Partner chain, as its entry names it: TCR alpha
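Below, in structure tokens: the form deposited without its partner chain, a single chain.
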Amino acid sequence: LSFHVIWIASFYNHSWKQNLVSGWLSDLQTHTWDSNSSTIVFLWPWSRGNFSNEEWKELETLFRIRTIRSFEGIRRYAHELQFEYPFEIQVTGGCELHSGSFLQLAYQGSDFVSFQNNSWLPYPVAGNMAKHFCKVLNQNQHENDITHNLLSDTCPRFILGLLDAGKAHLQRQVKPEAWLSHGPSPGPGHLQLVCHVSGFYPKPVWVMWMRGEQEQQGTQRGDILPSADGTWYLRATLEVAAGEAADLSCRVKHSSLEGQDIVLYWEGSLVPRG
């Protein structure tokens, strides 16, 4: 399900910067870096895998050596690289199993360079600036060899100690909760019917407005949105002629329900009755 690290560095001016580092399991955050105290923080007990504190002390110091050195490095060559203040560098690196691995860098929110097996390759649209940056990035081969073993050896090994340790957490089933309301922007003579679905985990979910057995193909499903407790949210809206909102219901299917769909009816004060 792919574990990866993200790196955000923002260079506002020649002497003011912000730095953010975190580790992720797909959508789920598992680690954070503290710029104060230079500590890797574990968001869950199982974030450590089967790894020892003596090994985390070394990872931290490798993370810190690279994080700090990547800073003044960008700062020194920023003119020889035509980097203009303000600007942001983003990096994502990680691996996927059954097998793959990646390490990509963006400048100003666009593809810039990436790491292929043993060295940094520039993206060909990124131009000569990216070619020069790969020159600096590739000045030491031993460093590139160490970057290879991190993606090729260290990353898939961590996915070992991580997915096993956190199975009880990623395999939970949290039943959804649903409710109905009036959407804000109906056209003239029409209504907008909104079915909210929240509190569910994992992510895959099914929601449709219905007339008995018939799925209403005007159902518009929005984005699935996060909550701080780790569950997801979704709205599904249907526009209808004002009188033609009779017999409509909202139906939710979710793995946690074991076939017991949620069915709510456009009824009562919603219609409104007499």
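Residue numbers count along the first chain shown, from 1. Take the two forms, superpose them, and find the largest set of C-alpha atoms that agree within 1.5 Å; that set is the rigid core.
As for the form deposited with its partner chain bound, it is not shown, yet the points below apply to it.
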> Which of 150, 191, 126, 165 has a heavy atom within 4.5 Å of its partner chain in the entry with it bound?
Replying inline: 150
>> Can you work out which of 215, 247, 58, 239 has a heavy atom no more than 4.5 Å from its partner chain in the entry with it bound?
In response: 58
>> Would you classify residue 98 as touching its partner chain in the entry with it bound, given a 4.5 Å non-hydrogen atom cut-off?
In response: no
> Looking at the partner-bound form in the entry with it bound, is residue 132 within 4.5 Å of its partner chain by any heavy atom?
Replying inline: no
> Any of the heavy atoms of residue 154 lying within 4.5 Å of its partner chain in the entry with it bound?
Replying inline: yes
>> Can you tell me if residue 206 lies within 4.5 angstroms of its partner chain in the entry with it bound, counting non-hydrogen atoms only?
In response: no
> Fit the core first: which of 63, 232, 46, 56 then shifts its CA by 2 Å or more between the shown form and the other one?
Replying inline: 232
